[PDB]
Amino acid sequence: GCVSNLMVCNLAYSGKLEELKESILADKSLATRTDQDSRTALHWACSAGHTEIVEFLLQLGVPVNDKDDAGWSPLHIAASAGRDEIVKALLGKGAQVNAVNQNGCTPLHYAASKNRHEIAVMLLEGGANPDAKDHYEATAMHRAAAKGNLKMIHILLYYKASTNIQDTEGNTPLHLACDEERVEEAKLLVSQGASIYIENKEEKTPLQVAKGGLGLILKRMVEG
């Protein structure tokens, strides 16, 4: 099905490399032409996951940090959709790992909440701010802790993410982990220095916010 009023974007999202190549080579201008969503063939290739296509466009010299209408860079799209090989190609053409979309999110926010382990690594290895805050001042850690993506928390801690940052509801990742009971998560978060003392905009602490059986575990981990 057609995703664009622009032929090339369709060709790209569909995987018609030969055709696409015929066109672009015919009108190099087509590699940068925008559509109804302000997207180029790059955006659509990244979305659909056509690596070969991304690489041809990249080597043609098209821009790698151009945002569509919602503020989505190709790296935003490659990250959110699990295109590991494409994320690699983008970082190798200098894609800005810290670009923010309209919603205040970086590529790492999406890699982190959809559990893109190998892609989170690439981003963080590529200079991604692990403490990047959205519009609610929430970080990847906030997400991982909430959803209890344990392997992801490990990754974010290896890359030096803060554990004691506060969203606009005054909540730290450890708050979130406790609120949703994430035992191993809330343990691990505090074994790396998450405060079991700090209060949200409800003067509540992580312990106050957890279902007894876990608020105790934590206090003894730190106090005993």
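Just count from 1 along the sequence shown to find any residue number. Think of the rigid core as the biggest set of C-alphas that the two forms share within 1.5 Å after superposition.
Remark: when the other structures in 7 other deposited structures of this protein are fitted onto this one via the rigid core, 212 to 220 deviates more than the alternative among 212 to 220 and 15 to 23, judged by RMS CA distance. Stretch comparison (68 to 76 versus 132 to 140) by mean CA B-factor in the PDB entry places 132 to 140 on top. When the two stretches 44 to 52 and 59 to 67 are set side by side, the higher mean Cα temperature factor goes to 59 to 67. The entry lists C-alpha B-factors for 155, 189, 161, 178, and the highest of these is at 178. Sort the modelled residues of the chain by CA B factor and residue 167 lands in the middle third. When the modelled residues of the chain are ordered by their C-alpha B factor, residue 12 lands in the middle third. Split the chain's modelled residues into thirds by C-alpha temperature factor. Residue 35 is in the lowest one.
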